[PDB]
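A single chain, nothing else alongside it, follows as structure tokens in the form deposited in one PDB entry.
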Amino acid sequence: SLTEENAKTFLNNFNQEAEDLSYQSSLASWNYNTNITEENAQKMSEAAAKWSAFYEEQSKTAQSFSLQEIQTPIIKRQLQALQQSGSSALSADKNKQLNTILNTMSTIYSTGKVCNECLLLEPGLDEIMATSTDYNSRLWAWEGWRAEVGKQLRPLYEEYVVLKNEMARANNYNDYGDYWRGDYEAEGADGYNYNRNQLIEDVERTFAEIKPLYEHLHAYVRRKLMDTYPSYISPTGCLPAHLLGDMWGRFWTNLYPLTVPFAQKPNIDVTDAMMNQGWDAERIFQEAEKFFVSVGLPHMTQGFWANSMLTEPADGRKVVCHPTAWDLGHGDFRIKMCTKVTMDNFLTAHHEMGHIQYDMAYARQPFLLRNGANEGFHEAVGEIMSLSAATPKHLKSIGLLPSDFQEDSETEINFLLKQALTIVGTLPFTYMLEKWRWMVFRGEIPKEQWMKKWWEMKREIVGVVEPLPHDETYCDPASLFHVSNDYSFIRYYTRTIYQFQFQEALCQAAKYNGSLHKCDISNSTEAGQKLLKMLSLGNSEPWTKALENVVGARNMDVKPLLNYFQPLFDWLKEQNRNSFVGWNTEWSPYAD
């Protein structure tokens, strides 16, 4: 007669129907991705529409069971994971307006072009911003892009912000930022309870420890770019936005040829060594499976080698040609990847297989709990595998590097620098963008000071100065893919923290004596059973307990990150002696 058993029966029925409906939707999506045709796309759209209708109907039906009466913790968590409506809280007119605005912004971003050559975003602009080193050749493209796309998305984004705030207030939230920070909200005991507002106090706190390392890296990059840009870089100033190897500056990996510690000793590439031995895609996947089994993880399913498309099809099928790990359900785990015999694809195969091993762990949990702890956890389990499989010690065990090779100091320094140009350089930009979006959604930044505050934060957090003045008529934040299209961006910072946390926790458990970046979890069954303790929980427990089961801490920790680049930190501190670490927020390339 109690509502607890009724809610349990309702959840059982919902899971029983979802394990079939979502499975059919995933199967339709996979069939569409295999051979992109007009009929498969229609089938996928119909399946997705049916699944969304069923989910919203069940959510409207599940809101009649308040969580105060539910005593069982897992049942309450399953009911909470379903009662969340989302965009359905708004009326029909507001929902249609928001959908039309989102589609228009996506179409403008996808069909954007910059001409005074006449190219588009991905074909010509990306290659120019990545490879070209001329000042004007990058400045004109950057200015044209952030003047066309920004001014075309600003009036739509102004209404998009208001519509998202209304949608958030309709879902018992306050702003869109608080709604996006709801994924990190945990519930449990007195020590396993996390709040949304507590996250803002931590993301900043975690940024203070990575500030000296980022300042040293920025000073080193500036000193190395002073050569190629003599009359465009100040000794005590910031760096232009169009001289960061990217249109926005998210990844500084394109600056490796210009910022290299030792050019006389290039990085280690096993492409030719893999081609000489006659390997292929199936060999790479078998080696990845052996690596994942050596650490003490469950074995791959038989369907993974039959139903999954590991190599590019020669039958004329048009695939999107990008790595993806699909979990259709009922024990169906596949990988769709444009796999080749290259080294980057070799590492991506181990990266994507980590997501599969994660999906094969929480399969025993109910359907409403078959997901990672948070948005920064699922992508953190596969990333640590590449960090352990891309070490010079693991390559010699498999047979890619001969036994006569020895680890050199200059090569390790170059590798650490190349990894910091991609992992450390993306944290300040992400933090600044997330803080800006939070303060804009929260109404703290007036709509007449968006660009001013954006470029002011570009100088204090990331240390980037604009080469030309941009008033409030533009919208440069909206020029990013994650900002234009509705998507979260704080997940990358949490992922970057959690990957180093997991790496340290799994390397200290195997009693390894050496550098953190040279760890090797192979031939260590204790490092797999300890990681499986968290992978088998998924979303049935708060993320604090899942993090404590691995590293012991119940919050983010930046100390493992500083220990990963400690030799690189010391090298940068020793090389940046004859310079000023930092940047003044007054220099401007456009000003005389």
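Between two forms, the rigid core is the largest collection of C-alphas that superpose within 1.5 Å. All residue numbers are counted from 1 along the displayed sequence.
Here the subject shifts to the form deposited in another entry, a form of this protein not shown in this document.
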Exercise. Taking the rigid core as reference, does the Cα of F292 move 2 Å or more between the shown form and the other one?
Worked result: yes
Exercise. Relative to the superposed rigid core, does the CA atom of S88 travel 2 Å or more between the shown form and the other one?
Worked result: no
For this session: For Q198, state whether the C-alpha moves by 2 Å or more between the shown form and the other one after rigid core superposition.
Result: no
